[PDB]
Ligand SMILES: CC(=O)O[C@H]1C(=O)[C@@]2(C)[C@H]([C@H](OC(=O)c3ccccc3)[C@]3(O)C[C@H](OC(=O)[C@H](O)[C@@H](NC(=O)c4ccccc4)c4ccccc4)C(C)=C1C3(C)C)[C@]1(OC(C)=O)CO[C@@H]1C[C@@H]2O
Ligand SMILES: Nc1nc2c(ncn2[C@@H]2O[C@H](COP(=O)(O)OP(=O)(O)OP(=O)(O)O)[C@@H](O)[C@H]2O)c(=O)[nH]1
Ligand SMILES: Nc1ncnc2c1ncn2[C@@H]1O[C@H](COP(=O)(O)OP(=O)(O)NP(=O)(O)O)[C@@H](O)[C@H]1O
Ligand SMILES: Nc1nc2c(ncn2[C@@H]2O[C@H](COP(=O)(O)OP(=O)(O)O)[C@@H](O)[C@H]2O)c(=O)[nH]1
Ligand SMILES: [Mg+2]
């Protein structure tokens, strides 16, 4: 029973959770009311996969989800929506104001009196679980709740459970586009928790996904629904290895064993290759080589960063559908001969491969074409440093004059939690710069004894 | 009108009875104008470093070698500030710290009078210099005021009436002031210290997880000093009016250290906002002081955000214009209170922020090896030169 | 549950409040008798923001009307929506302030403030989780300015941690209706600068300009100006009442718009605005709304933004629209007009989106700017104030009501300091020494 508990914090977290749970319900043939007529039609089976859904006596299936936010609006949209009967009635929503783009308000003042209930319900979910693999936390940098309350919850979880993996999916601020004036402060103040407590953090950018939607899917006016659906596809590709049979299955521990060389560099990028519209699904073969090559194109990255400016440290490919090992081997072999893709000299292997038989599903009303093959790549590289550096600059431009600071100090913080965070960012950037340097020439300086 | 350069001084205290009873380890080191600190929980990473105008090693009270004696710090700060006050211009002394560090010692000193703080010594020197210049033609007057600021509301500390919120006004010529503020005259430092004890009994203090008696409100003891001269004429004229401000701060805090709600959160938030505003104004004043002092230019008059807090608003005359200021910050040597000491450093570094550099202490073994290798090379180059090799 | 208490003092405040309650009742489908006959089910979801429930399935607004003259109350009651208000919230006296700020603040208002505070506290104690207050008044008047400032002071003394907005109508250079405008405006700003979290700058000159040049009304009256103002106030707090893709509370606007405590004076605007027959000639798209919002003539403050720099701006869109268009348009506006935005903020455009538009429109948008140019307004008042204070033009009418000459000087000094504070971040570099 490869059980995984999902936690959604903030508006971005709740909406990505809506998309994710729509996809999960469609994958296993669960109706919006929690019933599964597939078993009744067939007679019995294991289709109620215990990764996400828990089966009660009467044939209903309750998801292993925990939605949290400080605004009643975002989750009251779910309590009276299509999926109102699917979730347990307990949704952990503080009937008060919100963090208000304020890390201090979400971490110290209002984050209290809601953390205890959240931890209690997480404990109740964990008690029902046997062989719990880890957590999947969804949130967004730049928001008050998704920064402060996520920090508090991650701290408490690291205190309590400790050894269980805690993966992170977060929406990083874009370089140019933004939706708040105090995004850099909230983003920078979360580095301590996203570093010390998480085991692997996946970052995505709205500008990159908008570019992908405009260029590949030919959607000129996308909304957040398309972005959430793409992120849901990414998470499903990650988690499919422990729900369906396959030639090579990759658990959540193999992830961390293969992708993170050192504890402090666990920030891999993610990407999905066969992102294509229904009309353009024709005129294309969609073979293993094509999707595998498209995973490495800088235009297809989900974060505004150029891999050509850095070096690849580790790669994990997860294939779905009608795929065979020899095509994957040929794709990796032809990739290794390209000079535009550089690997660090101290990781000569540089690839982890997993294959799953279940092909990706299509959500009605969606925009992704039905395909026979797919691949999700997760790549730990050094180009991500750039994504920090720009944001770091922005932070300085506001902290030189102490703008917007009185709101933060008026809720419980002092200015030093505003420098300590900056120094931690600087140290992280120094680490990323140091790891990517080539080994010094003949690293034992030089050698050669008599004979 | 002139600059407002700020002198930054930091002192460490000895171990108290509890700390010396325990086997706690010291964590603060000082050298020159640099103070360095080490994480007890992360000894492997690095020390942090800061640089102030004055670093005082008062760890060992009876010690003589590199001991920060009370007379030394007086001669460094208080004597010069008193002289500037006597010249006829304003001066202010800020006391910043958190409970445990021991600010009130350096702010007052002990009753034994062999180890005295800034204030009793300042009062003694003030009245000694006054009484040593009372010639026929000179008259002197001194008066004292004492008031607190709690949640941005001013209260009187001497008057025993109901502690209402006094109103703050702005006289067009005399600047900001407080209405109905009781002002008393003094003649001996004993009266000053008695009034200080009487007012200190009236402070608003509440128990924290850090200490059972912590200041929850800022407080000021202001000394107004008037000099009148009688020239060869029938008129006796006031020459100059100067002020000595003795401001006491309520130190910063984190909600983690004291996780109590209600009044505690409001008090902590207002104290932190006041400290942030005070630091901002002092930093701007120090930058403007430094700039013209070397450039001699008059880049308009800048804008100094005095009005953002009542604390800086009342002290507008003492902070700015022609004046001199100096903030003294107390530390705690206990390892357990690391989060306090470093925090104080981050507030002590503010204003006159200067490059600290890295304090480097090379290994004696590597130094010896390098020196011996260089000596071997030099001697070989000498011997091969004289064709002896 | 976020809940707002509404207060309205003076003739201007009461009239704008009546029109505002008309607009809100139309939006939530409330009958003048207080019953509900709407159609969409989302109108009752968040009706408790403004309305209390009453036993006959009725709804009563939280309005609190104040005036030292009973005529305006009689006018309000004898109106289309007079019956909606509770009879006990009509607090008033006799012998109005008579355009004297001293009477409104010290002599007359000091006796009625206790009753007004009693009613306000009664409404406050029944609120599940109070968010903030609203006030509507005119700075250049009598009862409105003085009693509004006094009530703001009392409420901030009692409720320090709650938000306090203020939709204040400030005087204009050309359109002036009372001869003692400068004294009242100065003494009111002296209190608003301290005891208010957000202030919205409105004046009749800009609204008349909008009516003449945008709506092409031949003979506008105060109803139309109140209509535009009410549209703005309804736009500001839309995200509390209806769901959205990206919500924006009042506190979010306060946090994002206010960099320093004393700079909380805002320039409001609303889009779209078209003159009836022209409606078919122009399409409704996000680019058109963005173009109209940032147009200099659409502001309702008579301050040209081109004479300064935007410290911050916030936009609240209502309607089903794509987020990419909004983000792209705001980024383009920032990039093209690079000289009109302050350099030391990387991104100073807040954006919020709400699904439900107004009743008869597909899309709409509200704009809240914060720019240095507002100092011009204060400067103009100062330019008049001293010109009357130097000779003591009408000062005795104030000093006979308990006041003092020093207080005028403190008010002038505070306004001058505010003007300087706005002026510092207004030149487009600081390099030379
Ligand atoms: C039906 C239709 O398509 O015609 C429009 C219309 O022609 C225009 C010109 C309307 C019209 O407005 C005016 O003529 C007007 C005159 C003076 C002051 C203000 C408005 C309209 O009257 C106004 C009316 O607006 C509404 O109903 C909104 O919900 C509005 N509420 C009210 O106006 C209202 C009036 C009386 C009682 C209660 C509410 C609103 C705006 C913001 C927030 C909430 C509600 C609309 C759609 C129209 C007409 C009818 C012609 C405009 O209305 C607004 C402010 O949204 C003025 O420019 C806009 C754009 C529209 O194209
Ligand atoms: N991809 C994606 N990003 C979103 C979505 N909703 C919000 N965001 C991002 O979230 C950021 C705003 O912070 P939020 O997470 O919404 O803050 P919050 O969770 O509402 O918490 P509060 O600030 O207290 O209200 C924006 O900059 C968006 O980029 C979404 O539906 N999809
Ligand atoms: N240089 C010093 N030498 C000896 N004792 C010192 C020195 N500096 C501080 N102290 C100690 O400081 C103590 C008084 O302060 P303490 O009670 O620790 O904190 P506090 O003053 O009450 N709160 P605060 O004023 O904010 O620091 C005395 O018991 C002294 O022993
Ligand atoms: N928008 C609008 N402004 C008004 C209205 N009536 C008065 N004013 C403005 O308010 C000022 C007069 O203030 P007044 O309302 O008499 O203050 P009060 O006596 O305290 O109520 C004038 O300068 C007008 O510009 C109105 O109905 N609508
Ligand atoms: Mg939110």
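Protein chains in written order, with my numbering: chain H, 440 to 890; chain S, 5 to 393; chain Y, 597 to 1029.
By construction, the Cβ of each residue, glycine as well, lies at the ideal position given by its N, Cα and C atoms.
Judged by DSSP secondary structure, residue 824 of chain Y falls outside any beta strand (DSSP E) and instead within the alpha helix (DSSP H) spanning 818-832. Beta bridge pairing from DSSP links residue 447 of chain H with H/506, H/577. Scanning the stretch 751-823 of chain Y from its first residue to its last, the whole beta strand (DSSP E) runs of 3-plus residues come out as 763-765, 795-798. The beta strand (DSSP E) runs lying completely inside the stretch 111-179 of chain S and spanning 3 residues or more are 142-154, 157-160, 172-175, given in chain order. Contact between the stretch 757-767 of chain Y and the stretch 987-1003 of chain Y is not established, with fewer than three Cβ pairs separated by less than 8 Å. Below the 9 Å Cβ cutoff, chain Y contributes 1002, 1005, 1006, 1009, 1010 as neighbours of residue 174 of chain S, in chain order.
In terms of beta-carbon proximity, residue 657 of chain Y stays away from the interface with chain S, with every pair separated by 8 Å or more. The DSSP-derived three-state label of residue 870 of chain H is helix. In this structure residue 775 of chain Y is exposed. Its beta-carbon is surrounded by fewer than 16 other beta-carbon atoms within 10 angstroms. Around the beta-carbon of residue 79 of chain S, fewer than 16 other beta-carbon atoms lie within 10 Å, marking it exposed. Note on the stretch 763-848 of chain H: whole beta strand (DSSP E) runs with a minimum of 3 residues are 791-795, 812-820, in chain order. At a C-beta separation below 8 Å, residue 841 of chain Y has no neighbours in chain S, since its nearest C-beta there lies roughly 32 Å away. No Cβ of chain S is located within less than 8 Å of the beta carbon of residue 972 of chain Y. For residue 687 of chain Y, the enclosing beta strand (DSSP E) stretches over residues 686-688. Assigned with DSSP and collapsed to three states, residue 222 of chain S falls in strand. Set against 7 Å, the gap from the CB of residue 210 of chain S to the closest heavy atom of ligand 1 is not smaller.
For residue 604 of chain H, the uninterrupted beta strand (DSSP E) run begins and ends at 604-611, by DSSP.
Look at the beta carbons and you see the stretch 500-520 of chain H touching the stretch 836-853 of chain Y: at least three pairs across the two are nearer than 8 Å. Taking a C-beta distance under 8 Å as the contact criterion, residue 448 of chain H and residue 584 of chain H qualify as a contact pair. Chain order gives the chain Y residues near residue 295 of chain S as 1029, where near means a beta carbon separation below 9 Å. For residue 68 of chain S, there are no neighbours in chain Y by C-beta distance under 9 Å, as the nearest C-beta there is about 47 Å away. According to the DSSP assignment, residue 615 of chain Y belongs to the alpha helix (DSSP H) that extends over 606-624.
Taking all protein chains shown into account, residue 885 of chain H has fewer than 16 neighbouring C-beta atoms within 10 Å of its C-beta and is therefore exposed. If you keep only unbroken alpha helix (DSSP H) runs of at least 4 residues inside the stretch 700-756 of chain Y, you get 705-721, 739-754. Residues of chain S with a Cβ closer than 9 Å to the Cβ of residue 1017 of chain Y are, in chain order, 307, 309, 311.
Check the Cα spacing between residue 708 of chain Y and each of Y/716, Y/717, Y/687: the tightest is with Y/687. Proximity to residue 443 of chain H across H/576, H/711, H/453, H/478 peaks at H/576, based on C-alpha coordinates. Runs of the beta strand (DSSP E) lying entirely within the stretch 319-393 of chain S, each at least 3 residues long, are 327-334 in chain order. Ligand 1 has no heavy atom closer than 7 Å to the beta-carbon of residue 878 of chain Y. Less than 8 Å separates the beta-carbon of residue 801 of chain Y from that of residue 898 of chain Y. Taking a beta-carbon distance threshold of 8 Å, residue 790 of chain Y does not count as an interface residue toward chain H. The Cβ atoms of residue 947 of chain Y and residue 922 of chain Y lie closer than 8 Å to each other. If the five residues before and after residue 676 of chain H are omitted, its C-beta is found closer than 6 Å to the C-beta atoms of 757, 815, all from its own chain and listed in chain order.
Looking only at Y/910, Y/830, Y/847, Y/858, the smallest Cα-Cα distance to residue 726 of chain Y is reached by Y/847.
Annotation: residue 898 of chain Y is outside any alpha helix (DSSP H) and is labelled neither H nor E by DSSP. Taking 7 Å as the cut-off, the C-beta of residue 536 of chain H does not count as close to any heavy atom of ligand 5.
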